[PDB]
Amino acid sequence: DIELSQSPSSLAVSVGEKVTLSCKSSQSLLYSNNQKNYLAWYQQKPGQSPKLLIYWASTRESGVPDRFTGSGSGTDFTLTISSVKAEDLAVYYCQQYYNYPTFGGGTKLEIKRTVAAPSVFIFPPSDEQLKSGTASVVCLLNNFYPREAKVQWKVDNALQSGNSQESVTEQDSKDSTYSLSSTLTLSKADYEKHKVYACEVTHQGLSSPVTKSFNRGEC
Amino acid sequence: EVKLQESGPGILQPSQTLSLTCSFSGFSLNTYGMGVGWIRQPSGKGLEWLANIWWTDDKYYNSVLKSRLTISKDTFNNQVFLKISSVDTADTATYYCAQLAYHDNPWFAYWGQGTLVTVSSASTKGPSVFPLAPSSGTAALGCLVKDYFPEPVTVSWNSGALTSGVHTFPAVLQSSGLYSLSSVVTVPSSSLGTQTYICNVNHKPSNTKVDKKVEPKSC
Amino acid sequence: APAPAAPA
Ligand SMILES: [Cl-]
């Protein structure tokens, strides 16, 4: 079929700025006998289905703001976003329909914003869960930037290794921060036999690392 | 207004035949120039077109997958079907159906929400749901959704009434081969006494629907 | 020339 190649693979842009997303075609999408370019652009926001922006390379779908502009001809196409909003965070895909549909690999548009220090919370295992003979300790790093954060687990002041999993959110479509969960997995036995549970967060918006901790049983 | 809902198995075994249903209102394959497309997306990968069917009952297939694909419609022309034979791990993806562009135009005007399809021999398991109780300016509370297969679980707070500050983390596969995630929300400390916080956790493949009241813990 | 996934 026809191959579409999108560049750059990922863009990091401040709110208010102007970005140009490229889509290169392995065959010309310009039909001489109607002078139309057979290219569409889509926007996929995190969590959502792709949404149509542009068709025939340069025509806006109704409801699409004027700051999204489709351009180019033949093998070279661009989607210009003239003053990036935070809501524009998304993967942008080009698609040809000159032959059987193919998509480019997409351009991931990320928002470059100011440092925000995490708010750190720690959650003991629920009594409900302790019945089930397994214990999960959860540490929350909330509404922080940038994405890079170090999370360390201490049980009775001893550094833990190989028994925690982290999960990070996509960039927020509103305030452009991230959140991170670190989950420490212990046996009910191991949890019941130790006392002090501490989460230590290193992130660049903090003067010094923040530790959140609890003792099993106490209030 | 146009509406599309994908229906799929959630999980089927390697070598089995994937059977997907697209149910749509607000348009018909009775009308001239109308059609439905299928597009799939592996986790964190891009878009692959599968097949289109039109009002003429003309069928167009992805050339690479052609020999494994079948697409059809019913006599009422309100539902479109896609088969994929001899599924393998690489067929694990989110599957979308889409209204093809009005008057015989092969771009994708409106997309359905998409159904997740996992190719695995492992058995379906429903989640345990556990409260993450708020500690006692800003509080955090949540629900640990643990030991379920396959993806996905859907999490809402107060039957969709509560959305601001909600963070539902991507699932992580545990050493057991079962997924686990937390859904967390940040609220005013001053709301902990009065506002009710219920997490609604839906796991389609296991027909599991749990509601958990998260309240400040008792010492 | 165009050979789209669409009737002539
Ligand atoms: Cl999930």
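Labels below follow one simple rule: chain letters A, B, ... track the order of the sequence lines, proteins then strands, and each chain is numbered from 1. Keep in mind that the numbers below use all heavy atoms, side chains included, and drop hydrogens, waters and symmetry copies.
- Remark: B:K3 NZ is loosely packed, at most 12 non-hydrogen atoms of other residues, nucleotides or ligands lying under 6.0 Å away.
- Counting non-hydrogen atoms of neighbouring residues, nucleotides and ligands closer than 6.0 angstrom, the CD atom of B:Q113 reaches no more than 12 such neighbours.
- A donor-acceptor pair under 3.5 Å links the side-chain atoms of B:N52 to the main chain of C:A5, judged by distance alone.
- Other residues, nucleotides and ligands contribute only 12 or fewer heavy atoms inside 6.0 Å of the OH atom of B:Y110.
- Of all the listed residues (B:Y61, B:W49, B:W54), the one sharing the greatest number of non-hydrogen pairs under 4.5 Å with chain C is B:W54.
- Open room surrounds NZ on B:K66; 12 or fewer heavy atoms of other groups in view lie less than 6.0 Å from it.
- When all heavy atoms of B:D104 and C:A6 are compared, the closest pair comes out as OD1-CB, 3.5 Å.
- With a 4.5 angstrom heavy-atom cutoff, C:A8 touches chain B only via backbone atoms.
- C:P7 has its side chain within reach of B:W55: a pair of non-hydrogen atoms, C-beta onward, lies under 4.5 Å apart.
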